[PDB]
Amino acid sequence: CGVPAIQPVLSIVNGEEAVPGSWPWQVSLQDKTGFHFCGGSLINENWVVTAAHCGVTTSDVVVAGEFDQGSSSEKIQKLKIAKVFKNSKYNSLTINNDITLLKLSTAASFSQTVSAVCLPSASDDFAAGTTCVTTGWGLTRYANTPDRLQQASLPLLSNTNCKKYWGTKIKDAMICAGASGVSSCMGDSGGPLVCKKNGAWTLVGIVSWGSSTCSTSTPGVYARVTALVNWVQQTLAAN
Amino acid sequence: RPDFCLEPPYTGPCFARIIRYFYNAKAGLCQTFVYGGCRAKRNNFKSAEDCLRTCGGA
């Protein structure tokens with residue numbers, strides 16, 4: 001996990017186009033018609049982790065190996081969802097514990113453009129200031145979504161710095177990043193916020209919420225995976 | 001009809017791109033809009049039919 005066959009090249013609002021297939025765990029969550037409503041991350045061949053607020057159902061589909069959503073010829077994997085596991089602790093009012101697991105009907109066929117992201121340990125400590133990356137097909141301007149997958153490097157923020165803006169809205173299962181010239185935006189939800197752990201890209205956050213106008217000077221708020229990974233491991237083990 | 005039917009559509013703070021319906025009093029019909037996935041207001045429906053049954057004529 002965490003090692004793309006195709007290495008990404010790094011120099012979402014104010015982000016940049018990603019090298020095709022360089023973020024193999026990135027999936028697009030779409031309805032039966034092919035409408036993209038959220039992103040997600042493959043954690044293995046049978047499971048996808050996304051946000052609870054995305055409201056995924058078994059009627060939706062997981063699209064893996066995609067780069068250009070405007071390309072009808074591009075080879076991809078449309079994977080059916082067998083069961084949706086929304087964290088029962090998801091707070092629809094505070095948005096805390098914003099995570100959901102998707103168990104695929106048929107496993108995804110891993111390849112050069114389709115593989116898994118690594119999951120952190122509950123005790124992992126990713127320091128504030130660490131340069132991480134987020135990806136997705138969300139709006140690049142606060143408008144329709146970009147056809148090609150976007151990426152952006154951004155720093156993790158300390159809870160103290162984040163609270164300087166969001167105050168008490170920041171809960172324990174949330175981690176902030178950004179306010180650095182880039183911003184996750186409508187359509188990026190459920191997607192990954194990854195940081196390197198011993199050289200491997202590890203899921204530190206899940207795009208969740210933030211500025212209502214996707215302001216690049218405002219902290220983006222992500223579901224803190226270290227605070228939710230135990231729930232993830234428990235769910236996989238039991239299913 | 002409820003006054004919430006007269007409120008403009010509310011995307012919210014979450015970053016999803018979910019299609020929902022809202023009643024547009026200026027046009028007299030329910031229209032689609034992009035909902036962020038959380039903290040929806042009441043003029044937010046999963047189907048045009050639900051929307052028309054709740055806000056039609058407001």
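In what follows, chains are A, B, ... by sequence order, proteins preceding strands, each numbered from 1.
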S.K.: Please round to the nearest 0.5 Å and tell me the distance separating atom OG of A/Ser115 and atom CD of A/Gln26.
M.R.: 12.0 Å

S.K.: Where is the tightest heavy-atom contact between A/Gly65 and A/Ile76, given as atom of each residue plus distance?
M.R.: O-CG2, 3.8 Å

S.K.: Any donor-acceptor pair under 3.5 Å linking the side chain of A/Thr216 with the backbone of A/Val182?
M.R.: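 Not a single qualifying donor-acceptor pair exists.
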
S.K.: Without swapping roles, check the side chain of A/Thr131 against the backbone of A/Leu154 for a donor-acceptor pair under 3.5 Å.
M.R.: no

S.K.: Return the minimal non-hydrogen interatomic distance between A/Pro24 and A/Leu42, and the atom names on each side.
M.R.: O-CD1, 4.0 Å

S.K.: Is the CZ atom of B/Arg53 crowded by more than 12 outside heavy atoms at less than 6.0 Å?
M.R.: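 Check fails, neighbour count at 12 or below.
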
S.K.: Return yes if some donor-acceptor pair links the side-chain N/O of A/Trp166 with the main-chain N/O of A/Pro219 below 3.5 Å, else return no.
M.R.: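 Yes; at least one donor-acceptor contact below 3.5 Å.
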
S.K.: Side chains of B/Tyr21 and B/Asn43: closer than 4.5 Å at any heavy-atom pair?
M.R.: no

S.K.: Say whether A/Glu16 and A/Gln150, considering side chains only, have a donor N or O and an acceptor N or O under 3.5 Å apart.
M.R.: no

S.K.: Identify the two heavy atoms, one from A/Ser41 and one from A/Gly191, that lie closest to each other, and give their separation to 0.1 Å.
M.R.: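 Heavy atoms of A/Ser41 and A/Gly191 come nearest at OG-C, 4.3 Å.
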
S.K.: Please report the shortest heavy-atom distance between B/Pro13 and A/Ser212, naming the atom on each side.
M.R.: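 Where B/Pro13 meets A/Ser212 most closely, the heavy atoms are CA-OG, 4.2 Å.
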
S.K.: Identify the heavy atoms of A/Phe110 and A/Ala116 that sit nearest to each other, and give their distance.
M.R.: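 Smallest heavy-atom distance, with atoms named: CE2-N, 3.4 Å.
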
S.K.: Is the closest basic N to carboxylate O distance between A/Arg224 and A/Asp172 below 4.0 Å?
M.R.: no

S.K.: Give a yes-or-no answer on whether the side chains of A/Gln69 and A/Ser28 include a donor-acceptor pair shorter than 3.5 Å.
M.R.: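 On atom types as modelled, these side chains qualify, holding a pair under 3.5 Å.
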
S.K.: Quick one, A/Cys118 and A/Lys197 - any side-chain contact, counting heavy atoms below 4.5 Å?
M.R.: no

S.K.: Hey, can you tell me if B/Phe4 and B/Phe45 have their rings parallel, tilted or perpendicular (30° and 60° cut-offs)?
M.R.: tilted

S.K.: How long is the gap from OG1 on B/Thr54 to CD on B/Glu49, to the nearest 0.5 Å?
M.R.: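 Here the rounded value is 10.0 Å.
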
S.K.: Is any side-chain heavy atom of A/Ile12 closer than 4.5 Å to a side-chain heavy atom of A/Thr140?
M.R.: no

S.K.: Report yes or no: do A/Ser123 and A/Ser121 form a side-chain donor-acceptor pair below 3.5 Å?
M.R.: no

S.K.: Quick check for you: to the nearest 0.5 Å, what is the distance between A/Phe37 atom CZ and A/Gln30 atom CD?
M.R.: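 Spacing of CZ (A/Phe37) from CD (A/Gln30) equals 8.5 Å.
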
S.K.: Within the side chain of A/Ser211, is there an N or O that forms a donor-acceptor pair under 3.5 Å with the backbone of A/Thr213?
M.R.: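 A pair under 3.5 Å: yes.
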
S.K.: So, taking the atom named CG in B/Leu52 and the one named SG in B/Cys30, what distance separates them when rounded to the nearest 0.5 Å?
M.R.: 4.0 Å

S.K.: Between the side chains of A/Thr145 and A/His36, is a donor N or O closer than 3.5 angstrom to an acceptor N or O?
M.R.: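 A/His36 and A/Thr145 do not have a side-chain donor-acceptor pair below 3.5 Å.
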
S.K.: Contact between A/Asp68 and A/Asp147 at the side-chain level, heavy atoms closer than 4.5 Å - yes or no?
M.R.: yes

S.K.: Do B/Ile19 and B/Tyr23 sit in the same hydrophobic cluster, where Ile, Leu, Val, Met, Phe, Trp and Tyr count as joined when their side-chain heavy atoms come under 4.5 Å apart?
M.R.: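 Per the 4.5 Å side-chain linkage, B/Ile19 and B/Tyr23 are not co-clustered.
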
S.K.: Just by distance, do the side chain of A/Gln233 and the backbone of A/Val229 share a donor-acceptor pair under 3.5 Å?
M.R.: no

S.K.: Take B/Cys38 and A/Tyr90, measure what side chain to side chain contact (heavy atoms under 4.5 Å, CB included) needs, and give me the verdict at the end.
M.R.: CA-CA 11 Å; B/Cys38 70; A/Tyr90 171 61; 4.1 Å; yes

S.K.: Does any donor atom in the side chain of A/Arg141 or A/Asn14 lie under 3.5 Å from an acceptor atom in the other side chain?
M.R.: no

S.K.: Are the side chains of A/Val61 and A/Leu29 in contact, using a 4.5 Å heavy-atom criterion?
M.R.: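 A/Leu29 does not reach A/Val61 side chain to side chain.
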
S.K.: Taking the two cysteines A/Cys214 and A/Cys185, do their sulfur (SG) atoms come closer than 2.5 angstrom to each other?
M.R.: yes

S.K.: Would you confirm whether B/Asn44, through its side chain, and B/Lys41, through its main-chain N or O, come within 3.5 Å as a donor-acceptor pair?
M.R.: no

S.K.: Any side-chain to backbone donor/acceptor pair from B/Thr11 onto B/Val34? Under 3.5 Å, distance only.
M.R.: yes

S.K.: Checking side chain to side chain contact (heavy atoms under 4.5 Å, CB included) for the pair A/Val133/A/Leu10: CA distance, chi angles, key distance, verdict?
M.R.: CA-CA 9 Å; A/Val133 176; A/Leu10 301 151; 3.7 Å; yes

S.K.: To the nearest 0.5 angstrom, please state how far the NZ atom of A/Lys32 sits from the OG1 atom of A/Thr57.
M.R.: 9.0 Å

S.K.: So, the side chain of A/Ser208 versus the backbone of A/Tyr222: is there a donor-acceptor pair under 3.5 Å, distance only?
M.R.: no

S.K.: Are A/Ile99 and A/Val194 connected into the same hydrophobic cluster when the rule is that any two of I, L, V, M, F, W, Y join if their side-chain heavy atoms are below 4.5 Å apart?
M.R.: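 A/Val194 clusters together with A/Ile99.
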
S.K.: Is the closest side-chain heavy-atom distance between A/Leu236 and A/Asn44 below 4.5 Å?
M.R.: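 With C-beta onward as the side chain, the pair touches.
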
S.K.: Mind listing the closest non-hydrogen atom pair of A/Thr100 and A/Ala52 along with its distance?
M.R.: OG1-CA, 3.2 Å

S.K.: Taking A/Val225 as the starting point, is it possible to reach A/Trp23 by hopping between hydrophobic residues whose side chains are less than 4.5 Å apart?
M.R.: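 A/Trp23 and A/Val225: one cluster.
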
S.K.: So, for A/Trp47 and A/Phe85, is the gap between ring centers shorter than 6.0 Å?
M.R.: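 Yes, close enough.
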
S.K.: Could you name each residue pair satisfying salt bridge (charged side-chain N to carboxylate O under 4.0 Å, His left out) that touches residues 39-67 of chain A, not counting sequence neighbours?
M.R.: none

S.K.: Please report the C-alpha distance between A/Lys164 and A/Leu157 in whole Å, then the side-chain angles of each, then the deciding distance to 0.1 Å, and finally whether the side chain to side chain contact (heavy atoms under 4.5 Å, CB included) criterion is met.
M.R.: CA-CA 11 Å; A/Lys164 285 185 179 180; A/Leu157 304 170; over 6 Å; no

S.K.: Any donor and acceptor pair, going by atom type alone, linking the side chain of A/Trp209 with main-chain N or O of A/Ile95 inside 3.5 Å?
M.R.: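 No: the side chain of A/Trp209 does not pair with the backbone of A/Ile95.
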
S.K.: Would a 4.5 Å heavy-atom cut-off, applied to side chains only, mark A/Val56 and A/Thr50 as touching?
M.R.: yes

S.K.: Treating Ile, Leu, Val, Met, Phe, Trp and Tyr as nodes and any side-chain heavy-atom pair under 4.5 angstrom as an edge, say whether A/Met174 and A/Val232 lie in one connected cluster.
M.R.: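 No, separate clusters.
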
S.K.: Checking A/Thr94 against A/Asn96: is there a side-chain donor and acceptor pair closer than 3.5 Å?
M.R.: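 The criterion, which ignores hydrogens and geometry beyond distance, is not satisfied for A/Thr94 and A/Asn96.
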
S.K.: Any side-chain to backbone donor/acceptor pair from A/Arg148 onto A/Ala18? Under 3.5 Å, distance only.
M.R.: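 Between the backbone of A/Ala18 and the side chain of A/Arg148 there is no qualifying donor-acceptor contact (under 3.5 Å).
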
S.K.: Can you tell me how far apart CG (A/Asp98) and CG (A/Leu228) are? Round to the nearest 0.5 Å.
M.R.: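 One finds 9.0 Å between CG of A/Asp98 and CG of A/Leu228.
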
S.K.: I'd like to know if A/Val114 and A/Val63 are part of one continuous hydrophobic network [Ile/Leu/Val/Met/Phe/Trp/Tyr, side-chain heavy atoms within less than 4.5 Å].
M.R.: no

S.K.: Inspect the surroundings of NZ in A/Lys169 and state if more than 12 heavy atoms from other residues, nucleotides or ligands are less than 6.0 Å away.
M.R.: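 No, NZ of A/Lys169 has 12 or fewer neighbouring heavy atoms, counting only those of other groups under 6.0 Å.
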
S.K.: Does A/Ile81 reach the side chain of A/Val62, with side-chain heavy atoms less than 4.5 Å apart?
M.R.: yes

S.K.: Does A/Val117 form a side chain to side chain contact (heavy atoms under 4.5 Å, CB included) with A/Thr202? I'd like the steps, not just the answer.
M.R.: CA-CA 6 Å; A/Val117 64; A/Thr202 310; 5.7 Å; no

